[PDB]
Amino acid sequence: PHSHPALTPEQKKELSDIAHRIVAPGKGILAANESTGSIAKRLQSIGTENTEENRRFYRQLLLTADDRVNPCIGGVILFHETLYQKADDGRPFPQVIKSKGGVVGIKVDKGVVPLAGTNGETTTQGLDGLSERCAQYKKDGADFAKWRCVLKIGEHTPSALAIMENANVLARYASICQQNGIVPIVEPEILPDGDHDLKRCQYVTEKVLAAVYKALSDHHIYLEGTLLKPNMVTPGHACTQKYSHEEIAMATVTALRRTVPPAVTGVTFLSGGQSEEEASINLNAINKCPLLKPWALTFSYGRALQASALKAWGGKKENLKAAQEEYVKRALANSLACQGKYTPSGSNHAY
């Protein structure tokens, strides 16, 4: 019942200011933190060798897009490797990102691990030496981080243990980050896999987020200095019943309104497999939803921002312009979407 301030007023101000700049009106996040193993399949989808130079060239392609993306990109999440690479002109990538008005982010978790005694459920590791890593990343230009936990809707999942454990590890990660001037993006992703319907996803999301915020509270997390990266509430991939973007928006916004304290600076949705256009339309519908929303509702897209660019590039240098144009187009669409101003041209009691 006694307070022992985890953060000073100055530390809180820095964390809060960073969080707000990332999700400022019209801005979202480019999630380009795919690891070597993760970026492997993506590079082969266009028949390109998975070398460090090709990964540098590709990341450079996205980060050096023209000034049209500047007002669209509030932040860029990078993988460790990319944080220390440089553009052709010799500029460190984080410098490139900042010069264009973006805040630099760094993925810091070390992947999921199986939870014994569960039906294929996992938790996420990466807390060991995390404080030292955050201190170093901060010094090297990063101001926010990302940690991904994965939950799955199934027969007996997410289980009580999976929910409690993932919620608890996120809080620890958030706690260590804030001690080092790093704004933590809390990502409790509920996979869309399965034949469950919209209300099932909404129910689970509601229970997951309630657990997440109780954990953050127990660990004394400064919410104004954090961001939330949740899945949108949608039916399962194999769901037979069809839903409109308006229903997906209502279910998503309702789930958030029932669990996310208004103190949380912003919600940056993951695209989780949605097509580029689908992810944009949904985000737009979410922002159009006729319910009060006390936090910024924007994007933190990986696939939803890179699909076309990757394809347009094909691993050929001559395609650089064509590839960047594709990325710029998605950046613009989503910039409008997080403001509910997107257009193809450019009963809540039932929830």
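For every residue, the number given is its place in the sequence shown, counted from 1.
Engineer: Just how many deposited residues go unmodelled from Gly346 to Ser347: none, 1 to 3, 4 to 9, or 10 or more?
Structural biologist: 10 or more residues are missing.
Engineer: Return whichever of 311-319 and 22-30 has the greater mean Cα B factor according to the PDB record.
Structural biologist: Here the higher of the two C-alpha B-factor means belongs to 311-319.
Engineer: Tell me which stretch, 107-115 or 71-79, has the higher mean Cα B-factor listed in the entry.
Structural biologist: According to the PDB entry, the answer is 71-79.
Engineer: Tell me which of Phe144, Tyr243, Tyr203, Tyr137 tops the list for C-alpha B factor in the record.
Structural biologist: It is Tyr243.
Engineer: Per the entry's Cα B factor values, which of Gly272, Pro158, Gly181, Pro230 stands out as the maximum?
Structural biologist: Of the candidates given, the C-alpha B-factor peaks at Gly272.
Engineer: If you rank every modelled residue in this chain by C-alpha B factor, which third holds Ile153: lowest, middle or highest?
Structural biologist: Middle third - that is where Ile153 ends up once the chain's C-alpha B-factors are sorted.
Engineer: Going by the recorded CA B-factors, say which third of the chain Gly101 sits in, lowest, middle or highest.
Structural biologist: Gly101: CA B-factor falls in the middle third of its chain.
Engineer: Using the temperature factors of the C-alpha atoms in this entry, rank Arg91 within its chain: lowest, middle or highest third.
Structural biologist: Top third by C-alpha B-factor.
Engineer: Going by the CA temperature factor in the PDB record, which third of the chain does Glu247 belong to: lowest, middle or highest?
Structural biologist: Its C-alpha B-factor, which the entry lists for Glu247, ranks in the middle third among residues of this chain.
Engineer: Against its chain's modelled residues, does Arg133's Cα B factor rank lowest, middle or highest third?
Structural biologist: Answer is lowest: the recorded C-alpha B-factor places it there.
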